[PDB]
Every structure is written in C-alpha cells, then in structure tokens.
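Listed next as structure tokens: two forms of one protein chain, kept apart as structure 1 and structure 2.
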Structure 1
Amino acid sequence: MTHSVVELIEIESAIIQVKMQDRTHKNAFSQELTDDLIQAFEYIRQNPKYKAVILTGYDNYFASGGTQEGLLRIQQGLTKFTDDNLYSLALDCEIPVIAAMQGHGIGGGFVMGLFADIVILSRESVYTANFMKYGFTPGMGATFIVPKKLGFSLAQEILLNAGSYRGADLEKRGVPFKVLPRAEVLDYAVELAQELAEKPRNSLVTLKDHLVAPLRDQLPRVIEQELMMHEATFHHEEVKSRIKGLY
C-alpha cells in the first residue's frame, strides 16, 4: 500500500490476500495501518474480479486494536471510534472475506476480524474484547458482532468482563469458528479461498448480500447506541488512568 504496512498479494487469479504488517505497532490501528487498510479494501472494491479475500496478520499478531494514543484521544473527546471506520471493512466488502487470525486479536483488532464471513482462530493466540478493562464500554460494533458470531451467552461474559482467551479456550467453550495451530491457519484460509473461488463471483456476491443484509441493516443503530455509551463512560478521568496504567 502507501505506508507499506499492508501487503496485497493476488494468490490466484480470483483470491486476494490482505496482510497487515505494521511491525512497529504490532498491528494496532496506527494512522498508517488505518489508511493502508482502507486503501486495500477500496482497491478490492475497484477491481471486481476477486471471489474471496483473506485478511491476515504477520508472525504472532492478527490485529491489536486501538493504539494507546488513539484511545487517549477518544478519552479526551478529540476523536470518536467512528472517525475512521475499520470495524466494518469486511462486512462492507461485496465478496466473502476470511479473517485468518493466525496471531493475537485484541479489542478493535478482534472485532474487525469478527465481521468477516469466515473467521479462523489460532489455538495458541490470545483473543479479547478488552474495552471494559480500560473502564469504557465496547465500541467498534463489538456489542452487535460478538453476540451475532459467538452467541448471546458467551458474548455477555466476553464483553462485560473483557477477559483474555486463548483460541484453545474459545474452542473448548464451543465457538463455531475453526481453531488450528497458528502454523496451519493461513494455509487452511488459502484452501478455503480456493474452494470459494470455484463458484461464480456473481453467485457469491448475490448470496453474501442476502446473508449479511440483516447485519448491514442493523449495525448503524448499534453504532449510535455504542457512541451514546461512550458519551456516558469514556470521558472519565479514571479511563485515562487505566489506559495509561494497563495498556
């Protein structure tokens, strides 16, 4: 991309891999990662030949969510989580996206992956919707997509308590996602993308449009509710203390 922290590779004629590789920030949503992700998805939107997208990280990190400075900015009231929308990239994509989460998925980074149509976790990586550890309520559509993908009950615990779970922990709690050794996750994503690429692209886009119509319809109102909750929770001095203390 421009900032070189996203690499696009056309794996086959109809499969595009979006690899996040902001090594300086461990795939946290730095300004560079934020700009390069939006540019990668726009590229995919401008080039309607692909049948599947693989979204993945580097080494041990899938995506680590807001930077410390990003979160402090929202605490200060300078910015809101909706300012740059990275959470809904894979939902807004017209073709199926596979979030190959071979490494850790933290906060916004985990939630961005959960909006993909197929999610794969690594057994030995850590996944957390850790918003509430810092004193504020989950944003980035976490309160809609977590129950939608992992189910109402596990979502309560994940969102209220902001705990960290190994992929193996989630596998044992019964999640519908494929969970694999980290070394196998991207290979499995490629094979699944090859299978998807056996279909006509128009059938994949028509089908996904139908399957995720209710998510696209329902998400704006939840985003407005989460912004309301941020109004009521984010701006407290103790949120600043927790971000600085516990990040």
Structure 2
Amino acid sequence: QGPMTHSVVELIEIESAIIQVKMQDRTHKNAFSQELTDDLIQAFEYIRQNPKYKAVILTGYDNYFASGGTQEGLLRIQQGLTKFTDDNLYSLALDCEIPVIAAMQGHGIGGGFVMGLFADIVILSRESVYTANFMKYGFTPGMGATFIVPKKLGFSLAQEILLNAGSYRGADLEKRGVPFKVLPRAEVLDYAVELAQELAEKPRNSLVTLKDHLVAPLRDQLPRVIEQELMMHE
C-alpha cells in the first residue's frame, strides 16, 4: 500500500491479484489538477509494469469519485488564454490491459464521469450526482464523451445527457433503465471488491484475451472521435 509522487492517489493491494487505485486530491475534490493527472498516469503505469494484478478498482474518497476539468482550467479556455488539449486521463481504464471496475461511490462530473465510463464495469452510488456537463460551459463535449456515453448508456439517453449537460442522481439513472449496478454509497466499494475477487478467479491470460477482443472496437474508433470532437471546438 503506497502513495504516488504527489500523494493524491493511493494504491492499495486488496489481495495479491487486485489493485485499488484510490483518488484523493481532497483540495480539488478529485478534479483533474496537475497533481491528480500525474499521480493517475503514474498509478496506471505502475499497474502496466506489474502484471501480477488481474483486476483494478478505481475509486474516489468520501463523496467524490472524480470532478473533471478544474474550474480554473475551464475558465482559461472560455477566455482568450488556453485551448482544449487532448490528454489521456479519460482513456486510462480503456488502455489498461486488465478489467477495471469504476466504483463511483461519489459524484462523477464532466471528464471525471467520462473517465469512469471507459472502465469495463461501472457501479454508481444512488445518492451521488453524475453529469457530462461540458455544454454548461458553452463547449461541445470532449474526452471521448460523444463516443463512450452512447456506447455505455445507449444512443437515446446519451442525446439528452450530452445536449443538455444535466445533473442526474444515481437514483434518477437507475429509474431510467441504466445497465450499471446502482447501490447506496456505503455499499459501492464492498460490492466492487467482491466482484474483483470473482474476476481474479479467472486465468489472467483469459481475462486479458477477452478484454482485448471486447474493447478492440473502442480502442480502434476512439482516436477518430477525439479528432471530431477537437474539430467541434474548432
């Protein structure tokens, strides 16, 4: 059990084959500060260098899973200061060789919600808020949102989520028919742990061979969608 460089991501081994990546940039409520960006990329590179793990649980702290762009960063784009860069926090889970469970025990906002959606198994908390809120800032969505939201939540619910940038409680999404398990926040991480243990029962090579096949169309199609979304910004 170890912190990354900036100490705002903590890695905990749950058994020898399960790694939990806990995001805890409390100063920024797990918004994508420079420190959370570096520590997250460090976490997944460590996972990539340590093939003992068969499953990853990605989770937040307290009431926050991940909050997406920082308020400063969004403001700077809105004005004549910076532009949207492609990055690649959003696809950490997708690029991971092994199954990733996004245990979203807390709010998932903008790029934060999108990051969780690229995981193989996503669990929501009934009391938390989830929103792809890019268009509230006046901007079309980025970070692969226009691809992964319809892929995981279906075409129709994605139109509303993306065009209107509304906030949904986990309870609201459960009642609109989402395929994600939705639980009380207090139960979200235990359930992710149980499921990771069941996944760890499989040969590692079988997990990886199947995940490579299930996500090949996503890994293959995402660069083109990123280019479209950059185009939209203009």
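Just so we're on the same page, residue numbers count up from 1 along structure 1's sequence. Heads up, when I say rigid core I mean the largest set of C-alphas that superpose within 1.5 Å between the two forms.
Task: Of the candidates 72, 132, 118, 89, the only Cα that travels 2 Å or more between structures 1 and 2, given a rigid-core fit - done: The only residue crossing the 2 Å threshold is 72.
Task: Core-aligned CA shift between structures 1 and 2 for residue 49 (Å) - done: The alpha-carbon displacement, core-superposed, is 1.0 Å.
Task: between structures 1 and 2, how far the Cα of residue 182 shifts once the core is aligned, in Å - done: Residue 182 C-alpha displacement between structures 1 and 2, core-aligned: 0.1 Å.
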